[PDB]
Ligand code: HEC
Ligand code: HEM
Ligand code: HEM
């Protein structure tokens, strides 16, 4: 029951493929004005690590080579870092909507 | 004045599923000849055995020309 | 490796020399390639073309 | 009611760099001129096409001076016939389409320009048609229509013309059934594609060009993308 | 003329099985055939239009 | 979108060597063919199993179309 | 300083062709813009030569085309180059639309709408051009698809006896189709430049879908020589088809002249409408069929307004990747059903293929995006 769901989530994260290129969960986020706001509200060192991981991912899709096995960012050691910023952005957007309604 | 068509056609149908389908054709033709004006045309057998003989002659026709 | 040094030194240092080089190469290569492909297409049949049977006729 | 598919034949122009037998084009034209030029038309081919393919210039001028043309007016201007050197097509044995249909027992015959290239199959269809007359096993055959399996409907208003009154080729090539049928099939392949010889010549030259050129363009692509394949990053913060 | 499985007419465009009088049985045709204006004259003739 | 106001990136050093002095195809049959075998393993689980179902549907449709084209009564 | 940055035309040429900030991880699917453009200029040029040797008159149109193929020097190479270039044009177009749907480039709205208008324009141009040689299949396919446009209730009847130029397909219909087969590819060129304009406004999309604003490289001399390589492969395939197999694509029923009384049973149009023509006869209803065709390409319109994912690519949604390849299998099934006659097993699987078509694009891809929305703490 419990770990069966965990088995599904860990298998899907292995078979996604972005972990093989040195990415974490919040380096492949779709951008609207909300997520552009959340990226604008980041700290500095995480933003520098974000642009470095993105630049390595674009290099390793430029020569289309996957990282060796030992440097793949596995499940449950990644940072789910963008979640509170993006959460507050969506809360403020719904706040504007449901206030002007 | 004998064409090589006749020679290689009568040669290639000698003993084969060609001959089995010819006897199947004679089965359906006797079946309708012992029947008062049925629908059974006995023609599908003609198509597939002459298909067989024409493939096997198609392998071995244009060499002798 | 020395054979490409004088080639770079005489036909690739300039630009106009490079252009004259590829033009002269284009004409010479056009002649040689048309003769070669004509020889290949004659050799690949040798019994079917109109040319040899018409000078037999 | 079925579709019998024609077989596959090892033609002498079957290979992708092979051409027609021009001698077979000559004797296939002899077949068309002897026996086939009374029901069928071939109105998109002139005698001047044959000036370099399977005849010389003088021979085609003789073959086009054998036939009247009915050229147009003169000074008084009714009409008048004409020998005609090269500017004439192959002249129309039956003038109108329905006059051709009423001359036959209905079912006017199609013209022989695009038959090879227009029958869901190559000249194998024409060969198996022209050679495959046989016995009808208990079918209708409405009073004039013959049986031949290589045709949709199995009822053809064409009397089988290929061996009946053999045409006696000029060269002395022995007139069997298969040889005269192969000759007229080669000639109909030629009348379908007048450019087959030179198009396979340019196909050979294009194969040599794209075998000699395209690896060099790929080399130059890799040579200009060679920098970004080898660029290497490093991370300096304080 | 005389195609299909019902004996009668048959449209080869989208498999419309007509009957011998030309009426739609199996296909995407909603309507039947059109009956034109015909006038029989005793010369074994008919003016049709 | 011009060229120079895209984003703001610090902390990144890039090395890249001249195109002439490096070779054109770097060990083209020592990394390339295991590379394309890697890419082939990572895809056909999601590429093939539609196509073979299409192929079976194709052959089944042809086979049953002929077998319902031909009836064979007996009388 | 530089002529390339001050001259008013060369500002446009520099900002579109050299100093363009392009992403750095393009795979071979980003060639098909240049391939469609070079196919377009090739089709325009060969078509202009064909239009110099063509006489649109229903007595001598087919004889004029035969005159082109036999008597004019290399006119056969230009004719076969035009026809096979049209088929390769639609090959490159469907590769282009497949890239644009699969890598999530449909989050760009205005470029996508201009694209769909270009799709309609190329389809109408292909249909009019296929009418123009005035053959058997050309004549009857013109009749069938013009009656498809007559399926519109209460407006379509006068509309179709209008675009027939009368009450049947006549000299006027051939000359109308000639004039519009001439003028529509230049509208295709202008809308291609507007398409290019909005794409240069928004910015391109890399295969990852990660925004590549950190790693832009210029266009030249990288993508110029990559697209020269792609066009050289395209010219290889086009010369290969026009020099070895013209029989591979052309419908042999076409080559008989347009007898207005034959109607052969083999009645299929040219293959790149058969993914669409089989949608028509899947429905045993007229207005439902023509509306389902229009609604298929309007489903291609309303692709972005169902994008309920949270990562724009399909490289990291493997279930949507599987359903995409099931959709490609379904379209090739529809093409094969378009190439077959209309009887019982083909009718059953054509109905099921069209219903699975709309069920895959409309329903199951947003359902898969929702299940990976909900599976990854989003
Ligand atoms: C008059 C008798 C002839 C002669 C001397 C030849 N043909 Fe044939 N032909 C004739 C008719 C009346 C028809 C039409 C039959 C029908 O409408 O079904 C034909 C048909 C053909 C075809 C058509 C096959 C098809 O439509 O798929 C071909 C290819 C053909 N004829 C060839 C042909 C050749 C090569 C001949 C010279 C040997 C020839 N015909 C003689 C009437 C006649
Ligand atoms: C404005 C430029 C164009 C002109 C002047 C032009 C002209 C012609 C002409 C005169 C024909 C009839 C000749 C023939 O079919 O043998 C023709 C046929 C055709 N054209 Fe075009 N054309 C143009 C652009 C295009 C484009 C952009 C396409 C689509 C890719 C296209 C697709 C076709 C097709 C499919 C045929 C039928 C070919 C055949 O089956 O023989 N044309 N065109
Ligand atoms: C008339 C035929 C078409 C031409 C000539 C054409 C041309 C181009 C060109 C030159 C590009 C830029 C190259 C590239 O970005 O890879 C492009 C990109 C694009 N086209 Fe088209 N296009 C055509 C049809 C379509 C259609 C039908 C659509 C779908 C609606 C479409 C959607 C797109 C999209 C989404 C992009 C952006 C891809 C990206 O930059 O990531 N195009 N097109």
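Residue numbers (the entry's author numbering), protein chains in the order written: chain d2, 9 to 109; chain h2, 13 to 77; chain i2, 3 to 59; chain c2, 2 to 239; chain f1, 148 to 196; chain q2, 2 to 76; chain b2, 2 to 379. Cβ atoms here follow ideal geometry from the backbone N, Cα and C, with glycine treated the same way.
- Boundaries of the beta strand (DSSP E) harbouring residue 195 (chain f1): 192-195, taken from the DSSP string.
- For residue 187 (chain f1), the enclosing beta strand (DSSP E) stretches over residues 185-188.
- For residue 177 (chain f1), at least one C-beta of chain b2 is nearer than 8 Å to its own C-beta.
- Residues of chain d2 whose Cβ lies closer than 8 Å to the Cβ of residue 36 (chain q2) are, in chain order, 72, 73.
- Between the alpha carbons of residue 337 (chain b2) and residue 63 (chain q2) lies a gap of roughly 11 Å.
- Residue 37 (chain d2): not part of any beta strand (DSSP E); DSSP gives it neither H nor E.
- Shortest Cα-Cα distance from residue 63 (chain h2) to any of 96 (chain c2), 64 (chain c2), 6 (chain c2) involves 6 (chain c2).
- DSSP places residue 136 (chain b2) in the strand class (E or B) of the three-state scheme.
- The distance from the Cβ of residue 24 (chain h2) to that of residue 37 (chain h2) is about 17 Å, inconsistent with a contact at the 8 Å cut-off.
- Contact of residue 43 (chain i2) with chain c2 by beta-carbon distance below 7 Å involves 202, 205.
- Taking residue 214 (chain b2) as reference, the option from 96 (chain d2), 70 (chain d2), 62 (chain d2), 82 (chain d2) with the minimal CA-CA separation is 62 (chain d2).
- The closest CA to that of residue 29 (chain c2), considering only 168 (chain c2), 233 (chain c2), 203 (chain c2), 231 (chain c2), is found on 168 (chain c2).
- Annotation: residue 45 (chain q2) has no Cβ neighbours in chain c2 at a cutoff of 9 Å; minimum Cβ distance is about 26 Å.
- Going by beta carbons, residue 352 (chain b2) and residue 259 (chain b2) fall outside the 8 Å limit.
- Under the Cβ criterion of 8 Å, residue 216 (chain b2) is counted among the residues facing chain d2.
- Under the Cβ distance rule, residue 364 (chain b2) does not count among the residues neighbouring chain q2, no pair being separated by less than 8 Å.
- For the 8 Å CB-CB criterion, residue 370 (chain b2) and residue 318 (chain b2) form a contact.
- Using a cutoff of 7 Å, the CB of residue 120 (chain c2) counts as near ligand 1, since one of the ligand's heavy atoms is closer than that.
- Counting only Cβ-Cβ distances below 9 Å, residue 57 (chain q2) has no contacts in chain b2 at all, with the closest Cβ about 11 Å away.
- Nearest CB-CB separation between residue 211 (chain b2) and chain f1: not below the 8 Å threshold.
- Ligand 2 has no heavy atom closer than 7 Å to the beta-carbon of residue 142 (chain b2).
- Look at residue 32 (chain q2) here: in three-state DSSP terms it is coil, with no helix or strand label.
- Excluding the 5 residues flanking it on each side, residue 250 (chain b2) has same chain C-beta neighbours closer than 6 Å at 88, in chain order.
- No heavy atom of ligand 3 is found nearer than 7 Å to the CB of residue 26 (chain d2).
- One alpha carbon belongs to residue 38 (chain i2), the other to residue 213 (chain c2), and they sit about 13 Å apart.
- Taking residue 185 (chain b2) as the centre and dropping the five residues before and after it, the same chain places the C-beta of 122, 125, 126, 129 closer than 8 Å to its C-beta, in chain order.
- Residue state for residue 163 (chain f1) is assigned as strand, using DSSP reduced to three classes.
- Using a Cβ-Cβ distance cut-off of 8 Å, the region 119-137 of chain c2 and the region 58-76 of chain c2 are not in contact, since fewer than three pairs of beta carbons, one from each stretch, lie closer than that value.
- When Cβ-Cβ separations below 8 Å define contact, residue 40 (chain q2) makes no contact with chain b2.
- Setting aside the 5 residues that flank it on each side, residue 294 (chain b2) is surrounded in the same chain by 277, 280, 281, each with a C-beta closer than 7 Å to its C-beta; the list follows chain order.
- Straight through space, the alpha carbons of residue 22 (chain c2) and residue 179 (chain c2) are spaced by roughly 16 Å.
- Between the alpha carbons of residue 310 (chain b2) and residue 108 (chain b2) lies a gap of roughly 11 Å.
- Under the 8 Å criterion on CB atoms, residue 59 (chain d2) is classed as interfacial with respect to chain q2.
- For residue 11 (chain d2), the enclosing alpha helix (DSSP H) starts and ends at 10-24.
- The alpha carbon of residue 72 (chain d2) has as its nearest neighbour, out of 110 (chain b2), 207 (chain b2), 100 (chain b2), the alpha carbon of 207 (chain b2).
- According to the DSSP assignment, residue 13 (chain q2) belongs to the beta strand (DSSP E) that extends over 13-16.
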